[PDB]
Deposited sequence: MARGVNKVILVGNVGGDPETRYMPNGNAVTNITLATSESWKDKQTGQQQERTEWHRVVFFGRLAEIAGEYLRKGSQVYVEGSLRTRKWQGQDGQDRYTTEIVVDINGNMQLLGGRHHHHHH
């Protein structure tokens, strides 16, 4: 029994990168900036790695541009890769269980 939910509203950092997998499913990557309040309650930007799959990846690939404001709802997944050694990347995964809404 568990719950793994991420909700972000922010601005797309650069144009989305769409790839295709072995069966042809669209996979779209973006970076997303959210602004929090960093002792004078200042400003600070947090950058999020967001990966879409399926129809949302298609929709994100087509309508999201650099600077787009977007609502994103997904689940956290930490991916383990290795370089030359062990590395980790925490991403927000947006698939059938998630949601995306182009705002503006």
Against the full deposited sequence, which stretches does the structure leave out? 1 to 2, 41 to 45, 92 to 93, 114 to 121
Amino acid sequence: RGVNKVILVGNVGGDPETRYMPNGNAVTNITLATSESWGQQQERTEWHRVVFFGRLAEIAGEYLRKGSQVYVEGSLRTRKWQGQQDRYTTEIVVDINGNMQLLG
From here on, numbers count along this sequence of modelled residues.
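Only the largest set of C-alpha atoms that superpose within 1.5 Å between the two forms is called the rigid core.
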Between 16 to 24 and 91 to 99, where do the CA atoms move more in 4 other deposited structures of this protein, taking the root mean square over the structures and residues after a core fit? 16 to 24
To spell it out: superpose each other structure in 4 other deposited structures of this protein onto this one by the rigid core, compute Cα RMS over structures and residues for 55 to 63 and for 29 to 37. Which is larger? 29 to 37
Among the other entries of this protein that model both neighbours of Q42, is it absent from at least a third? yes
Tell me whether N11 is absent from the model in at least one third of the other entries compared, counting only those where the residues either side are present. no
If you average the CA temperature factors over each stretch, which comes out higher, 15 to 23 or 87 to 95? 15 to 23
Looking only at CA atoms, which has the higher mean B factor in the entry: 69 to 77 or 51 to 59? 51 to 59
Most elevated Cα B-factor in the entry, residues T34, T28, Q41, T31: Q41
